[PDB]
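Working notes for the structure below.
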Amino acid sequence: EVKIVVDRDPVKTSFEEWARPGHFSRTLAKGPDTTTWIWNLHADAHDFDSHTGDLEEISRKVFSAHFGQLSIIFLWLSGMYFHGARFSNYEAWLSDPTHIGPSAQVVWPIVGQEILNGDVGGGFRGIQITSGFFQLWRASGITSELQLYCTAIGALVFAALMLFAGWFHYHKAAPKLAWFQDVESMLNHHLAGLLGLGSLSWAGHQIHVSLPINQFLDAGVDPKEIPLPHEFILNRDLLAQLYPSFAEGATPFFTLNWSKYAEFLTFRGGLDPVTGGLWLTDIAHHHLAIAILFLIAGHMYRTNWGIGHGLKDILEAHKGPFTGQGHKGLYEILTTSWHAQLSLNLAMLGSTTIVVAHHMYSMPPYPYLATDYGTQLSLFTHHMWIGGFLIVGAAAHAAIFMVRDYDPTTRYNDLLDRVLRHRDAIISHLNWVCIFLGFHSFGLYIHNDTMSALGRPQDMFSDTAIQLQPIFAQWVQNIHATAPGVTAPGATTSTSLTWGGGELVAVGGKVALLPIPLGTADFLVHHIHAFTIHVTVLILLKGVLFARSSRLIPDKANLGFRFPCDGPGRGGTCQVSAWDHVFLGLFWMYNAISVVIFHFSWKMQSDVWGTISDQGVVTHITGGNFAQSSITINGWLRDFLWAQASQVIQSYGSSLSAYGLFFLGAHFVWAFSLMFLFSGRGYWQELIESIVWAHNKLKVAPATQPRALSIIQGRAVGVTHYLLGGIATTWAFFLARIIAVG
Amino acid sequence: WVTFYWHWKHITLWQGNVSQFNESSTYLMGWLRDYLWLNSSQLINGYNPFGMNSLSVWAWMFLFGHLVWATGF
Amino acid sequence: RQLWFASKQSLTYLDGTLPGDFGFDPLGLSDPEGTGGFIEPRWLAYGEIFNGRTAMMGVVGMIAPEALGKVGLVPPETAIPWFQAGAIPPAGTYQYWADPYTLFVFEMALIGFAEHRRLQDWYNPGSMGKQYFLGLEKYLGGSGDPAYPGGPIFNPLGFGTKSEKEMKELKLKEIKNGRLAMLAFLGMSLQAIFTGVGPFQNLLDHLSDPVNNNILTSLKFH
Amino acid sequence: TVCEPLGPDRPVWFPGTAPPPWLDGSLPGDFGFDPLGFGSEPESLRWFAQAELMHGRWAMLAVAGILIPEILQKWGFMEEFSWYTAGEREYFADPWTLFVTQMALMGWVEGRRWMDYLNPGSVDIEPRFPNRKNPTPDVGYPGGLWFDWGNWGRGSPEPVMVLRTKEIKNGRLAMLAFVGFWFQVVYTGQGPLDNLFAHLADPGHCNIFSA
Amino acid sequence: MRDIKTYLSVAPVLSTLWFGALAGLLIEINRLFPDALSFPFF
Ligand code: CLA
Ligand SMILES: CC1=C(/C=C/C(C)=C\C=C\C(C)=C\C=C\C=C(C)/C=C/C=C(C)/C=C/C2=C(C)CCCC2(C)C)C(C)(C)CCC1
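Residue numbers (our numbering), protein chains in the order written: chain A, 35 to 776; chain B, 10 to 82; chain C, 94 to 315; chain D, 5 to 215; chain E, 13 to 54.
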């Protein structure tokens with residue numbers, strides 16, 4: 035069956051190699067005859083599958099690499115907790131979080147950057163932050179710098195431990211194949227073990243530490259004399275004072291009359307007006323139910339005993355009439371090629387990151403989070419960016435799998451075979467859908483702008499003119515606002531407040547959430563999003579499906595994954611490798627994310643965020659001009675892009691001045707990218723040649739023969755600089771604007 | 010670049026405030042603020058949801074530029 | 094081999110090498126396809142021996158003081174449950190002939206000396222009888238197997254007279270008493286975590302009143 | 005020159021362990037303790053040996069200068085107060101003049117010694133009247149009646165390696181003592197004898213864990 | 013040992029330490045001579 039088989043001490047911890055670069059690649063280890071060697075060295079370091087031919091060694095290598103990654107993550111967490119401990123105003127922030135700006139970074143007074151340590155309130159000076167740690171540290175009842183300090187220490191310990199574990203598992207006790215390739219027990223554990231018990235232990239930490247101290251702070255007390263956590267579990271009488279049921283030990287649970295615990299485990303829903311956040315009772319019930327669900331899920335597959343399924347015994351049964359034999363053998367494909375798994379997991383992880391970004395703003399989990407505007411905004415846009423990048427990586431590695439490790443002779447399948455057998459139909463129909471959406475979602479904006487600039491407003495696309503109504507969205511919102519009436523009696527309000535029914539939650543003269551109406555502008559922006567997503571999918575899916583062989587080049591696969599072209603023959607064959615398909619799709623994903631985040635910023639600052647008067651009149655941060663100025667590109671310039679770019683541009687000579695400076699460098703690089711994206715190579719090669727002559731004239735010609743970057747590396751550096759410029763520009767814009775006005 | 014320089018110089022001289030040019034023309038952000046941002050504010054409001062103006066064409070044409078250019082990429 | 098809840102992965106390596114193999118291992122840890130460091134069957138027998146011995150000593154000692162206090166002449170100055178002796182600060186403490194912490198690190202250093210030397214012997218058997226040790230050198234060679242050291246330092250009276258059978262009896266006795274002491278220790282500690290009054294007083298209770306049956310209450314308290 | 009190879013002649017710092025092969029034990033004070041294997045190559049080995057000897061001698065002098073005046077303050081006639089605060093004590097001259105003079109003279113001396121290390125025997129001070137043949141060197145042990153006028157480092161009073169062993173062991177101990185004194189003054193605010201007596205009075209509690 | 017020496021002589025780490033030292037020198041000069049615009053020595 036399945037056992038603990040491993041091997042002993044393959045590679046010794048000897049520095050013999052560190053002084054010899056490129057030991058892994060036979061060609062690289064010979065020596066740098068030119069300068070392209072030092073590019074090619076970094077370029078293929080992590081390329082494990084091109085260093086061997088057996089999956090055992092590359093599996094060991096990736097097992098060690100995961101430990102390296104985890105060590106870096108732990109070190110980052112430790113740095114964060116430290117800087118919170120020794121360099122923040124966290125205690126003053128806890129004193130009253132309504133109007134005290136979270137700052138967690140000071141700068142040394144050397145070169146005039148003292149102005150960076152701007153006024154943040156609470157007798158502190160420091161660069162304001164928007165990471166949003168403080169809402170978490172108030173949720174977990176840290177409420178003391180000693181806790182941050184010791185947590186940073188423990189994080190450092192875990193980091194060193196993981197680094198050790200890595201070194202040991204690669205060098206000394208290397209796992210074997212029948213361990214890795216055994217996915218049944220891995221699924222079994224990770225379902226039951228990691229996620230379930232994780233959520234369970236967190237529910238523990240919440241019901242036994244957070245809930246009481248948070249309730250006390252909501253009652254209003256200086257956290258100095260707030261009783262320490264362990265003094266809430268050792269002596270029961272405190273929790274007894276809080277929750278009568280909680281003073282009944284464990285009888286009401288075991289004896290199946292769970293309703294007694296109804297006080298601290300409940301299903302209220304909505305938000306908590308004391309902090310706008312979620313009712314921690316609800317989130318505790320959530321984490322606990324999720325723990326139980328993962329535990330009961332974990333027991334699916336047979337591992338050693340006689341019960342349970344087998345991932346081979348599940349696929350082959352499914353075989354429909356149209357497709358034929360079904361998923362037979364697919365189990366072998368997804369167990370014999372790492373790149374396949376990397377692609378699948380990257381896709382699912384990007385999608386989950388996006389849905390996390392979405393669910394965050396509309397249901398603020400933490401307390402006093404939906405009122406620190408910049409934090410909410412920055413979190414949402416960061417998660418969106420991460421999701422986009424993960425998705426593109428998924429597509430790229432899927433293409434790499436399609437090229438290298440796919441083969442019908444032994445890694446056969448009858449499903450993917452059919453899929454590839456009609457690729458042309460797929461790409462054609464997706465292309466036509468892309469054209470259709472492009473037309474009927476952007477030409478609408480063009481028509482609206484034109485009919486505006488021609489003095490014919492009553493022929494526009496808006497509520498006051500020829501009208502388009504997003505009826506399905508309002509239908510769903512009505513349903514979600516009337517569902518807690520009959521369908522979900524156990525709830526108290528709608529699942530969130532953004533559903534089109536209820537009241538508004540406002541703390542400290544500022545609003546946090548309220549109903550959200552949808553106008554024709556929302557219809558148009560949603561169709562823009564749909565179109566751009568469809569085009570990115572078109573690019574990447576075409577790349578994957580045509581990575582093997584196209585009707586232009588018959589044997590593309592033999593030429594490898596990443597090569598620049600196939601010469602200028604047959605009318606020119608530039609950018610045919612799947613690698614170049616990903617190079618293209620990157621820009622379109624960037625554009626999709628950019629327009630999405632702009633739409634989000636405008637919609638929030640024009641319909642939700644803002645301040646509330648003493649009487650109750652709302653005056654939003656931007657005045658609520660969305661439904662009347664999002665329908666013209668010229669509007670986007672005037673109402674949003676130009677106007678709300680003030681705070682970044684007057685930012686010189688103030689605390690926010692750093693956000694100003696980047697706003698130029700971001701643009702600059704942004705420029706710079708074109709120089710690599712537009713030019714070619716031969717020109718630069720000849721220029722380098724003349725420069726080498728000019729040097730050689732002075733007996734300075736270096737033996738590391740200069741060489742203009744190879745084509746693929748040129749495109750890579752170009753796209754990297756371009757993404758950097760764009761993202762840094764929107765980053766500076768967002769931070770400066772929101773943290774200045776809000 | 011040449012035409013930027015000439016146009017900013019003259020558009021300051023005509024309003025009699027060459028002082029502003031001489032002060033805030035030495036730092037790029039000064040160019041992006043005093044020359045482009047401000048002097049474009051009469052343009053981008055050529056046509057708004059409250060009507061249009063004589064400047065309409067230019068505003069329209071202006072955007073036209075920032076489109077055709079992009080298509081070149 | 095009195096089979097109580099065995100399996101086949103047990104019998105893959107539990108072929109009767111440990112003194113008195115009963116055949117009880119559903120999981121099948123030490124399967125010898127790849128010998129896991131510290132999962133070696135030799136190491137497993139070593140571990141059961143060492144653990145059971147420590148548990149015997151602990152079950153005697155933790156219970157000794159208060160118990161003796163009952164109708165004995167060890168003063169009531171130490172009439173305290175083992176889990177209230179001071180090892181569990183949320184229960185009790187005591188003023189000793191030093192402070193708590195330095196005492197702990199000192200005893201840790203001593204036990205570390207002993208067990209480090211024992212482990213070094215484990216790796217290289219007999220190899221302690223070479224280096225200068227201010228005497229004691231001509232004793233620590235052991236009886237070959239680190240499992241069973243022997244030696245007049247650890248064989249004073251003299252048993253297993255001319256025999257391996259007597260050693261087999263004495264030794265079965267060892268495994269049985271180790272497992273029994275393990276059970277008793279674990280039970281005392283669980284009562285302590287759930288009852289809260291102390292083992293010997295629990296006997297004081299369960300001598301007369303049968304109705305106790307505190308699994309019925311399942312009351313979880315400090 | 006006597007060798008201490010493996011076996012009973014080699015009491016290993018870690019019983020039951022084979023010492024690193026490139027740790028022969030020639031250098032007195034060796035026990036086969038280099039898990040990091042810094043002494044892997046011989047040039048590094050001799051360099052580190054010289055560094056160790058110098059550190060040991062300087063640490064002996066430093067710990068003597070700490071200890072003796074403080075106890076002669078505690079009970080003796082003259083009261084030399086906190087040595088750690090004697091660094092900022094006020095003298096006839098400023099500390100920077102002292103620093104530059106120290107640096108000049110010590111640079112002179114240690115540079116001559118440095119050249120002797122790089123080039124043995126080429127920089128030595130050992131006069132030669134006629135017909136009396138001088139001794140050689142073993143760098144780290146200059147010899148001649150300038151630094152060995154008692155004729156101790158050569159033979160008669162003790163086999164050499166034993167005395168060098170005494171020296172290196174006491175030097176390691178003195179290094180520990182100096183770092184301990186400094187770290188204590190970082191934590192506590194007294195001298196070494198004060199901490200000593202405080203520990204004597206209350207061994208059970210008056211420790212690092214006293215707070 | 014000598015292997016780690018030849019590794020340390022590889023341009024990345026040497027360059028990082030050299031640049032760190034140079035930057036430290038420059039920032040220390042700036043500390044000891046704030047804003048240092050002219051050459052007020054001759
Ligand atoms: C020769 C070694 C040596 C000796 C004899 C002492 C002795 C002493 N130290 Mg000390 N110390 C040492 C090294 C030493 N230290 C080192 C290397 C450090 C740096 C980490 C310190 C840091 C230190 C602090 C911060 C404090 C003391 C204090 C004390 C005094 C009370 C004991 C105590 O609580 O500290 C116990 C000391 C330690 C835990 C340090 C561990 C390091 C040593 C080397 C332990 C190893 C033992 C040694 C090798 C074996 C004995 C060798 C020889 C003496 C026979 C006591 C006189 C306290 C004091 O001022 O007294 C009131 C105090 O607050 N020590
Ligand atoms: C001083 C010097 C000089 C000059 C320099 C210059 C002129 C520079 C410039 C520069 C420019 C003109 C621009 C720049 C820019 C930069 C940037 C732009 C960066 C960035 C970075 C980063 C790192 C970012 C990041 C991020 C973001 C923000 C987004 C996404 C996320 C993350 C976080 C990634 C000379 C030559 C005289 C000499 C040498 C030195």
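Backbone N, C-alpha and C define an ideal beta-carbon position, used for all residues, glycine too.
Residues of its chain near residue i, where Cβ-Cβ distance is below 7 Å and the 5 sequence neighbours each way are ignored
i	result
residue 772(A)	407, 408 and 411
residue 32(D)	165, 168, 169 and 172
Residue environment, residue i, which counts as buried when at least 16 other CB atoms sit within 10 Å
i	result
residue 31(E)	exposed
residue 155(C)	buried
residue 7(D)	exposed
residue 95(C)	exposed
residue 206(C)	exposed
residue 64(A)	exposed
residue 159(C)	buried
residue 248(A)	buried
residue 678(A)	buried
residue 199(D)	buried
residue 194(C)	exposed
8 Å Cβ shell around residue i - same chain, five flanking residues per side excluded
i	result
residue 564(A)	471 and 475
residue 539(A)	305, 307, 310, 404, 531, 545, 546, 547 and 548
residue 568(A)	464, 467, 468 and 471
residue 69(B)	55 and 56
residue 87(D)	69, 70, 73, 74 and 195
residue 494(A)	482, 485, 486, 500 and 665
residue 658(A)	640 and 641
Supposed close pair residue i, residue j - CB separation, criterion 8 Å
i	j	result
residue 529(A)	residue 303(A)	6 Å
residue 722(A)	residue 740(A)	5 Å
residue 64(D)	residue 154(D)	17 Å between Cβ atoms; not a contact.
Span of the alpha helix (DSSP H) around residue i
i	result
residue 199(A)	179 to 205
residue 570(A)	554 to 579
residue 223(A)	218 to 223
residue 646(A)	Premise fails: residue 646(A) lies in the beta strand (DSSP E), 644 to 646, not in any alpha helix (DSSP H).
residue 682(A)	680 to 683
residue 415(A)	407 to 437
Proximity test, residue i beta-carbon vs ligand 4 heavy atom, cut-off 7 Å
i	result
residue 215(A)	Among the ligands modelled here, namely ligand 1 and ligand 2, ligand 4 does not occur.
Residue i: first and last residue of the uninterrupted beta strand (DSSP E) it sits in
i	result
residue 539(A)	539 to 541
residue 544(A)	544 to 547
Beta bridge counterpart(s) of residue i as assigned by DSSP
i	result
residue 335(A)	343(A)
residue 599(A)	608(A)
Cβ neighbours of residue i in the same chain (closer than 6 Å, five flanking residues each side left out)
i	result
residue 234(C)	219 and 222
residue 359(A)	353 and 448
residue 164(A)	408, 409 and 412
Closer than 8 Å to chain F by CB, residue i
i	result
residue 366(A)	Among the protein chains of the structure shown, namely A, B, C, D and E, there is no chain F.
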